[PDB]
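Note sheet for the following structure.
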Amino acid sequence: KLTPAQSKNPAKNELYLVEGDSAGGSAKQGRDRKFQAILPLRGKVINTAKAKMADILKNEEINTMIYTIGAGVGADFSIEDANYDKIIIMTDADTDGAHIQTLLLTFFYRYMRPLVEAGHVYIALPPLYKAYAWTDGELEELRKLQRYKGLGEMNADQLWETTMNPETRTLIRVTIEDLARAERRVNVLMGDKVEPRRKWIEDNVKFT
Amino acid sequence: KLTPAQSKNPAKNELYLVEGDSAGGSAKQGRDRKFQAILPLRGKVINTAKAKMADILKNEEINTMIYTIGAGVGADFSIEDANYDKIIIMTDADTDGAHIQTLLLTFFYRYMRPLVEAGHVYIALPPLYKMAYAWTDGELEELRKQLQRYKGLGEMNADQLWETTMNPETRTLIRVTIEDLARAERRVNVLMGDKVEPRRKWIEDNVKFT
Amino acid sequence: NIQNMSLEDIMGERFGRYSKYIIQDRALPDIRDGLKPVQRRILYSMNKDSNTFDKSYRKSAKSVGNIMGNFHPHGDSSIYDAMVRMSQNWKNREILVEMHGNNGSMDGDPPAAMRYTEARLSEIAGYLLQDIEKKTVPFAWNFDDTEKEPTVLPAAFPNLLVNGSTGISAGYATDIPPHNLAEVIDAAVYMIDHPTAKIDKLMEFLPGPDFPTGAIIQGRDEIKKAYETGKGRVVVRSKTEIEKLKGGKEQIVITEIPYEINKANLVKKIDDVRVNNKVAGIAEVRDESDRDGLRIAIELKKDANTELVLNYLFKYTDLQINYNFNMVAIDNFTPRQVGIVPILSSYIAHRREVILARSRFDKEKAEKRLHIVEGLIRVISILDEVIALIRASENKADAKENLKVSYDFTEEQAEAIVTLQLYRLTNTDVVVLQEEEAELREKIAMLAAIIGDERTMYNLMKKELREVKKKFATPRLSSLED
Amino acid sequence: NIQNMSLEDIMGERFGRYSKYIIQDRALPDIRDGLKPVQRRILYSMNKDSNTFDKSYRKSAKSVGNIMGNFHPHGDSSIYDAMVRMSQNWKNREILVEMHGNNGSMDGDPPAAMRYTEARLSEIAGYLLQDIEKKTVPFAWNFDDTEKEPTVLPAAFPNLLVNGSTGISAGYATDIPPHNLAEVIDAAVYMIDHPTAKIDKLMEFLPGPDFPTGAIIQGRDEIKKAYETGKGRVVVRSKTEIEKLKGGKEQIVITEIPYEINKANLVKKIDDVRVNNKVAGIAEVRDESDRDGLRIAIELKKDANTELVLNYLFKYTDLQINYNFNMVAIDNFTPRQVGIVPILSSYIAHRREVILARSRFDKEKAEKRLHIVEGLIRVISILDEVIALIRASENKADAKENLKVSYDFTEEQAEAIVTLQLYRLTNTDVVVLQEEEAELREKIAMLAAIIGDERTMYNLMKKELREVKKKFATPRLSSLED
DNA sequence: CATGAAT
DNA sequence: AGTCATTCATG
DNA sequence: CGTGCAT
DNA sequence: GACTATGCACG
Ligand SMILES: N[C@@H]1CCN2c3c(F)cc4c(=O)c(C(=O)O)cn(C5CC5)c4c3COC[C@H]12
Ligand SMILES: N[C@@H]1CCN2c3c(F)cc4c(=O)c(C(=O)O)cn(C5CC5)c4c3COC[C@H]12
Ligand SMILES: [Mg+2]
Ligand SMILES: [Mg+2]
Ligand SMILES: [Mg+2]
Ligand SMILES: [Mg+2]
Ligand SMILES: [Mg+2]
Ligand SMILES: [Mg+2]
């Protein structure tokens, strides 16, 4: 599963959570091995609100993930005894990419709350176009095109330049602004109860 | 792995050794569940002339053939305690089909000599063509007076298979008999043996590259 | 180099993003052609490729890869598994794909791998695509922005009800059972003539679902409820005969089972009853189905209350199940729970859009020619002078200009005229042309009427629906009771 | 109902069938284009599909499936795997396929699945296909009998030596190492002037293999033996610098490794020595390769004999290995152990048949058009009369007998004239035609010369081989020693 | 617990 | 070439 | 033992 | 979507 950094270093070391064995592969290649580890997420991450805390611990991606971070889960969780200064969720810029970010984020909010509130949890924004553009508004300005359908079609030297280089990468930091407004938001989108979600979707999703 | 026949009976029961899971499954559907059993041969089969009897007993296909025919293997092989009265090798009509037939046969010869020597080992001739059906390019050209060119077993639907190859009263069927016992040990050893030079030479002497 | 966002704000843009997509563009059928985008892409691709009911089968892998590179940017497996399902005659009431080779069984053993099977569109499938080449349906760009693709098919029959849909998404799900082609068409034809038709009356034509696995559907009241609100729980029970056996013993013989039920798992779950002896009296369970018949014999013992056993199996197995209607579909880009009425309504509205679109197209074609033909009929009256004008012109462009200015030909005719091959000069027969001028004027009048008269139009629509019914109609399989 | 067969008279027929096939049509390359059939089909197919270096990438699944349904009736994965290799620049000296996305590594890890990757022919492969549209190569029917495929490609460079092969059949196997494209061409060119060239002379142009993986090759003697008999045993050793570190510690650094060797295993197997203390003084092994450069640091302890460590690693690991030539290929349909001369000769031979075939094709084209142009030149001076004559004809055919009978045009000329679009009568310019007629006569002259003079043809073949060398030539990567 | 398009 | 797990809603 | 087209 | 075993020839 895990491809580890060469040297153990809490202050610098970064953990990359890639959506896919395929992209997990371009990551092993493009990365800087001295301080960047790679853990592929092979398939959709379990929902850690809907499922039972029984089947939650018997989950491969949940085990190797609590164990590859070395702080343990729940409230038996020491953020001081971590293994990475940063943890980076890197997915396709697609819908399912989005969904995955959404499930990983609930797991960390639910079972490693310190990590997110300590600002150690990030999300990599890969490019949408190719100079490189992230917005359809950043492209038309670059017209003065190859359209990336996912990480799988990007080459190692490119991935590094655009989204893995700690000096060339755009990088989103997850923060908890209003703790209690984040418990509702999360419990409604990811909870066991369907009806509240439908209403949320109805009220916020513009089908046009 | 094995799909058993619904009624135990060494007198009628047939064992079908099918090339591959896809077609093994088509056969599972086309068979007559009362007396026909299917055993998929998933992949190319181990050369029991080259490999070490150790690595042999540890190969899942050979083990699950020997232990479903219920007669053990080798010299501790009671023919009377078999399960089937007809063992049918059924492979695509392609080269690699031909290759498998080569490997399965060398095995029975080598580790179940009594089973072939008694005419219990058959070979199904699937149809090569459909316009009705024809087996020989000659049996074909006669139909065009009275073409789907079957590229393998996996391209046929079950009611098709049953009618042309599995139905006992409609199937053409080969019987492997041994004529010259000492002239087989040599034909088999040349072709499937560990030594390479003889086999190269036999190919040079018999195969016409034209 | 690094910018932060709220958890509250990141789960928003992510889940809304995904939700919207998986609702509009994955899991749920367009209310008019009954297709989820993957199925549509599958049919449109195979069709563009001429892989049709009347032509040799293609290797599935060729088709699938072509779908994947042109339209559906996802798993080759997902795409295949979809293709395979549209070809299983026990999941679809009317299969849209014909596949040579192992494509599975009611025993639910997996289909042969994409590399083995061949396939083509079924004849009926073509009817879903009828007239697509006449600009009858809105097209969008593919992911590539290299090729257009249809957003909905022309649906010459009403697939949504005929074939069904299921049906899991986010905030919504969908379960619509299949129905008899003829019954559905009969209902739609009635609604065409009677827009404000009430359910009770539509149900004289379309009395219930018609599963392709047949069997017995119980609950006339809930069928009504469902056709009304789009939700409703009905019962589906297996077709059972009872045979006497030479011994004072009896045999329960199952011949049809409930839609979506796995025959192999049923047989197992029943033998489990026998093996655990939860119920007294089961002697043997025998799946006796062959390539041309379904048949499970449950041999009972002597002195064994066969009513008691049959009832137990109906309760504690899938020998009998409940089927839940949850008719959700996409009307106007939106997920919408709908019953029999907005469904037929949306269909009819669609077929109207199509027939109008199609007639505008054919009309525009007829006109463009009739225009040309007029020009030609003239040219002959003045052949000598037109050749002289070209002879005197400097080049295609100048010649066209001269025909316009000197003889009032239009561009379109000046093009036609100037690009005629020399041999055409041999001819002077104005009649044949005139015959075509007539045939064309008539065709246009016919098509204009359709476009300008709501009733003429609807009449055509009925006519067509009926042809489809005469051609593809087949008897019920599932019986009804309450 | 049943026929009997000898065990002998069977294995004979069966194994002979598989023997023949897996030799001629699977595991061994054609001596001319250097391709096994699966490779040739991939190439021919992608090319037919316009999937070339100059155009966008196609999703791989699309390329594969088209291959599998048009030419190669085998596993989709085998086809993909093959295609992937042709794109890996550490196995091919001159890669034939370019591929976007994870396509493996020297660390041996697996490429992304066929659904993720995009691909297209490299510009070089284009030259492997050059002129194929021109009837320059023998075609056969495909398994379907629906489409013709090529049995060999035109090969505008000598692929077999340049990219190598390998190689496992029945009774024969093959290992041919890759070679510097420019050197092979230099050899071929000499041999063209000097048919009877001894191995020694050729070796002044083609001194040995050039591995894409680089490194040091040792054994001039065995290289000759190989280039002479097809078999030989040479030694490949890793390229190695020695860096000083602070604290009196040294570091063995590896920058290139031996062909066909897995970097990742090599690294373990070395650390394996350190762990087992098999040789005194290793501090730590570290693969420090990164996206732009290979690099293995074997840092050793203080006061450690660095020449002892290096020597041990060379002997007991794969930091240095034996490459064995086993140059086998298919000549006149037969497997054939072959050295440098049977190869280059066969190539030249083939390059001949192709240039000759091509030159007829083009001549014949140019002849036919010259014929039409000759006719169009006369027409101009009699334009009016011709128009008049057509006007006076009853129809198309009659216009031609009339053009013939009255002006001795040929059928082919008459047809051309009579099918001319009217606007052409504004293009009445003899001198442009007279310029083409000249262009044309010269072209025909040049090609006829090629066809009727072996020397003239061979110089064409050299002009071209050189053009290719100038265009694709690159520096040696592997150094030699003896 | 199975459903069917998605990872 | 089959096999393994997860999302999502529903009874 | 590992290579690469095949099952 | 990565994993697992075979054939075949060769050091
Ligand atoms: N962690 C899970 C156990 C095994 N498994 C599957 C799988 F079972 C099926 C599939 C598929 O059937 C499948 C398909 O294309 O149909 C794809 N995948 C991969 C993308 C996840 C599958 C995966 C992913 O690997 C990991 C997960
Ligand atoms: N009995 C064997 C163990 C597992 N295995 C494979 C396999 F490992 C790989 C493969 C493949 O890589 C592979 C491919 O398409 O490249 C195909 N097969 C199947 C036809 C045998 C494989 C099979 C067959 O299944 C049985 C055998
Ligand atoms: Mg994706
Ligand atoms: Mg085959
Ligand atoms: Mg799957
Ligand atoms: Mg029940
Ligand atoms: Mg494989
Ligand atoms: Mg060594």
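We number chain C the way Swiss-Prot does; in order, the residues shown are 3-484.
The header says X-ray crystallography, 3.2 Å.
Keep in mind that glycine also has a Cβ here, set from the backbone N, Cα and C atoms.
Per Swiss-Prot, these features apply:
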type: SITE; residues: C:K38; note: site 'Interaction with DNA'
type: SITE; residues: C:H74; note: site 'Interaction with DNA'
type: SITE; residues: C:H76; note: site 'Interaction with DNA'
type: SITE; residues: C:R87; note: site 'Interaction with DNA'
type: SITE; residues: C:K93; note: site 'Interaction with DNA'
type: SITE; residues: C:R117; note: site 'Transition state stabilizer'
type: ACT_SITE; residues: C:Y118; note: active site, O-(5'-phospho-DNA)-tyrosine intermediate
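All features noted in Swiss-Prot, drawn onto the structure.
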{"residue": "C:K38", "record": "site 'Interaction with DNA'", "DSSP class": "coil"}
{"residue": "C:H74", "record": "site 'Interaction with DNA'", "DSSP class": "coil"}
{"residue": "C:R87", "record": "site 'Interaction with DNA'", "DSSP class": "helix"}
{"residue": "C:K93", "record": "site 'Interaction with DNA'", "DSSP class": "coil"}
{"residue": "C:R117", "record": "site 'Transition state stabilizer'", "DSSP class": "coil"}
For C:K93 (site 'Interaction with DNA'), identify the closest of the recorded positions C:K38, C:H74, C:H76, C:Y118, judging by Cα separation. C:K38
Could you tally the C-beta atoms, other than its own, that fall within 10 angstroms of the C-beta of C:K38 (site 'Interaction with DNA')? 20
Tell me the Cβ contacts of C:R87 (site 'Interaction with DNA') under 8 Å, same chain only and six or more apart in sequence, or just say none. C:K93, C:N94
Rounded to the nearest angstrom, how far is the Cα of C:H76 (site 'Interaction with DNA') from the Cα of C:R117 (site 'Transition state stabilizer')? 18
Filtered recorded positions - C:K38, C:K93, C:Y118 - keeping only those with Cβ under 8 Å from chain D: none
Taking the Cβ of C:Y118 (active site, O-(5'-phospho-DNA)-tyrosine intermediate) as the centre, how many other Cβ atoms fall within a 10 Å radius? 27
Fewest neighbouring Cβ atoms within 10 Å: which of the recorded sites C:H74, C:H76, C:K93, C:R117? C:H76
Listed in sequence order, the recorded positions from C:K38, C:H74, C:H76, C:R87, C:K93, C:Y118 whose CB sits under 8 Å of a chain B CB are C:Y118
Residues among the recorded positions C:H74, C:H76, C:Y118 that border ligand 3 - Cβ under 6 angstroms, in sequence order: none
Whole-number Å distance between the CA of C:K38 (site 'Interaction with DNA') and the CA of C:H76 (site 'Interaction with DNA')? 14
Cα separation, C:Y118 (active site, O-(5'-phospho-DNA)-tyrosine intermediate) to C:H76 (site 'Interaction with DNA') (Å, whole number): 21
Just the number: how many Å between the Cα atoms of C:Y118 (active site, O-(5'-phospho-DNA)-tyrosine intermediate) and C:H74 (site 'Interaction with DNA')? 22
